[PDB]
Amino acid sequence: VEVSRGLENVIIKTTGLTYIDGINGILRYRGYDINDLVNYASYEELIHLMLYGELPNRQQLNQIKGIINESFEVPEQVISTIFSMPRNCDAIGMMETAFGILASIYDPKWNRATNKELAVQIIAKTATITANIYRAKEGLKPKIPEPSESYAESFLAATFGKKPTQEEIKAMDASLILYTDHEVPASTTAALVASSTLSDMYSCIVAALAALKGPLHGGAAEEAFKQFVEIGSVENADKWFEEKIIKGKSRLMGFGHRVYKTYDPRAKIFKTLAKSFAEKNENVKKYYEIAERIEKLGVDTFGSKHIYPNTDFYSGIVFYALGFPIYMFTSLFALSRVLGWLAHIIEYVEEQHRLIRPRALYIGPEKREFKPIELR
């Protein structure tokens, strides 16, 4: 059948946002190397870059921060609902629920004059919701993010109930930049489908989150890090890799091959972040050194011309090093990638709008005569 499997070849839209050069292994947001953005900019500046199109001057940057800092509070029903949930609920399930309530209560209209500012407001509230989903699942009380010197600091402070170190803040800021956008996976796709009907911006995120909740999209950092936990020690790495992978059959996690020819540039930066925490904390070093050895084995026994660690291979270690339990890892992706979701759907609605409605190909039965039940 002439089905577009996985929509693999299908260009669902154009974008001015993000460009992957898989051959040279370089990733750019709006023309800027992600290495420069991480090294010399910040999540707030990237927010302005993706939504408005250029890096912000001081005054524009201060306008971004001002919106964020006045936008952390969410409706009481969001918080009460989050904290009434059973504490073992999937964090993405809680997030999609939270965003349904945001939709129902704010129910923003689409409008060129305000879409960008709305997106910055949503980004603020995504921090509030993520931080308190952790706190809920831990059986703590709620804590709304408060204005501080950075978005990343405001988020971490609310999450953990104390002032983060400067190293923590920088790593978190880096992580928000690192996962802001890349390809058009099912979540971004779901968001675009919702935006094509002009469903409100919050509900477009609901759709994205609903797709991300699936284990073939969500869950990657979790599964990769769980390898290192199982291995337990660097001394154990070589045996584990032998009797699980080589004479095994179901394979290792956290390696890619499809997008980049040699190495994912994001993956490279997560590794450097992990490594930096490792020379400060023994438990982080233990997982980092395990990870390193598996990397060598995995690239050797599979060819370097082929595979590389993807972002998921070291991201969990950074997340762990920041204090986050494994059950938050996918949520920390969502916290970052929501910028890309927002930038993409605004791009679509304002510049390329078209209702999405694909075909099904009917097979299955030809016309038949109705048959009463006694005769069935």
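Don't overthink the numbering: it's just position in the shown sequence, from 1.
A summary of the deposited B-factors shows that, of 200-208 and 216-224, the stretch with the larger mean C-alpha value is 216-224. Between the stretches 264-272 and 186-194, it is 264-272 that shows the larger average CA temperature factor. Among 66, 325, 316, 309, the highest C-alpha B-factor in the deposited entry belongs to 309. In this structure the maximum Cα B-factor among 173, 149, 181, 235 is found at 235. When the modelled residues of the chain are ordered by C-alpha B-factor, residue 10 sits in the middle third. In the PDB entry, a CA B factor belonging to the lowest third of its chain's modelled residues is recorded for residue 135. Annotation for residue 145: C-alpha temperature factor in the middle third relative to the rest of the modelled chain, per the entry.
Remark: residue 126 belongs to the lowest third of its chain, ranked by C-alpha B-factor as recorded. In the deposited entry, the Cα temperature factor of residue 110 places it in the middle third of its chain's modelled residues.
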